[PDB]
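Coming up is one lone chain in structure tokens, specifically the form solved without the named molecule.
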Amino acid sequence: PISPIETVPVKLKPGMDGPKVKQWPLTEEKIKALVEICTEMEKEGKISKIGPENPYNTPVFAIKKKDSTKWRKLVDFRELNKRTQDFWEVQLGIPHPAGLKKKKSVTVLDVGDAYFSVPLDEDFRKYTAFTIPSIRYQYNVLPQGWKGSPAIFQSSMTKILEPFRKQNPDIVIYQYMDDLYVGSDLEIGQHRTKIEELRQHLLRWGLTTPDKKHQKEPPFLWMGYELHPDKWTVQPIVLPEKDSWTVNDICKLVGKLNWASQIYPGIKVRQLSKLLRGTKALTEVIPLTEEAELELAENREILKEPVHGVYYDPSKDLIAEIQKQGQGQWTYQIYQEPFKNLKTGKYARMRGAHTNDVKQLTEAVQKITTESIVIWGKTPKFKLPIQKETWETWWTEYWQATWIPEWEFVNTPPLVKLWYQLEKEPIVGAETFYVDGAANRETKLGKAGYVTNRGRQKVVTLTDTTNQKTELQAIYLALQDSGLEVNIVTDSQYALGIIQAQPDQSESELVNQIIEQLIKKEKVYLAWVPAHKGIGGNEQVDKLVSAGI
């Protein structure tokens, strides 16, 4: 039945007109499914036969559903979509079972032929013209394939449920498209009474709730999960098992793993993700690197284990704990009571040419905080593998504002640490290296080198280089040629900026080499001076490396 809900007014984008795109061949099997659907819809007013008054046309097809018993009629409105006005999507995210609170009674209802029970704006119907190849119809209800259909449905649904929500403040209705989870703290008799009231309410507005898709007993099938009374489980995840992997099949693999990591702790996708780098198209085959095929195997082992998650109790604390997985990879577990996860997850985003473990930890914390706020509407307390004093040192020597919410240290290696610490004051009995580099923008030739207060000097010629590079190379040279304690004077804000933020990881091989050196040293002090102002003996090394460039 069609809802007596007011239609939602919709326009084409200006200066534009409906699609005139011609039907495409269709399987004999599909055509019967379509006619069967269309003579039914047409009978019910869902669609109206049109004549030659209607210039427009858009192509229709059909795919078979999960029920493996009914067809889904689709329209490729890709052209009408581009010409249709913008909507503000009202679906802001995806509900998560970990954010559900324990309920005495629970129901899951599906709405029947949901879209086709919501009327489409009358002045807009004409553009939805379609042809069922051997009749010509238009839509009077929302079409599956049009881009306005989801927001108009979700929004319409919210209007319809609002009276019921107001009247029944303490019944919880999770509303994802046409699918409803209904929770109550009523005993099963009184709850079933409310469900019937909710179904009569829906029916009045033309939305049916077929018993076939009305679930009354645990476990409930909801949003890709199985909901048991005291625990939830993700419906089983099956990873592919090829020998030849394409980009498209790495990309589908990474996806299931990421999906999996919401409840399977430890999942890692760095080595797999890196294979995707540089590739040209989906067709492409890539050879699993030995670290990639290794990583894949560990994940495979992880997924073989049995895991569940629990529901949320607002009278307890939210605890998040994080583990360092190496290489800019992190897993976390959110819980309230020990060894009973609410949910898990991973952070692995590489932000920055150069960074270190404390920064990456701070980003993981920030990602988890935002995610906790979506799911539970509050921030969790943290358990982190980083000493209070490591953090305090970092916050003291980093020139940026940084902060981690309430947290406590957990001694679960590998601990997050700073791998070296530049001196705040120059070093007595340390040789002073004045470094520098220049490069010729046209030839791409350069020189890097130093001069020291003890009379040493050295110039290294470079090819296909850049001024920044030569400046990093000079610092690498002073580090290579110095003792365990070294004073380095540079004129490069560039170089000084990277090294002073204390990276332990970098995209740059040269910066990595530098880092390796900085870790070996006992003491390094890095100072800056303005270039080309005759400051000795920045001046002296400037002549050495400028010569010939």
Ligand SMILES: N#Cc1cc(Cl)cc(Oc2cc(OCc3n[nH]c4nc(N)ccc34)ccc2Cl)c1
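Residue positions are given as counts along the sequence shown, with the first one as 1.
Just so you know, the form solved in complex with the named molecule exists too; it's not on screen, but the next bit is about it.
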Open or blocked pocket for the named molecule when its pose in the deposited complex is superposed here, using 3 or more ligand atoms within 2.4 Å of backbone or C-beta atoms as the test for blocked?
blocked
Note: the named molecule not shown here; in the deposited complex, the stretch from 292 to 300, 236 to 244, 375 to 383, 105 to 113 having heavy atoms within 4.5 Å of it is 105 to 113
4.5 Å heavy atom contact with the named molecule in the deposited complex for all of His354, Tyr420 and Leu510:
no
Candidate from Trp391, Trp407, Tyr264, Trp222 lying within 4.5 Å of the named molecule in the deposited complex - any heavy atom
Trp222
With the named molecule left out of view, choose which of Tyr398, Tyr137, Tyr174, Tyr476 has a non-hydrogen atom within 4.5 angstroms of it in the deposited complex.
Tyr174
In the deposited complex, does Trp205 have a heavy atom within 4.5 Å of the named molecule?
no
Would you check, heavy atoms only and a 4.5 Å threshold, whether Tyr181 touches the named molecule in the deposited complex?
yes
Looking in the deposited complex, any heavy atom of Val459 within 4.5 Å of the named molecule?
no
Does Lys252 make contact with the named molecule in the deposited complex, using a 4.5 Å heavy atom cut-off?
no
Contacts with the named molecule in the deposited complex - residues in 217 to 240 whose heavy atoms fall within 4.5 Å:
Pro218, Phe220, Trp222, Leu227, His228, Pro229
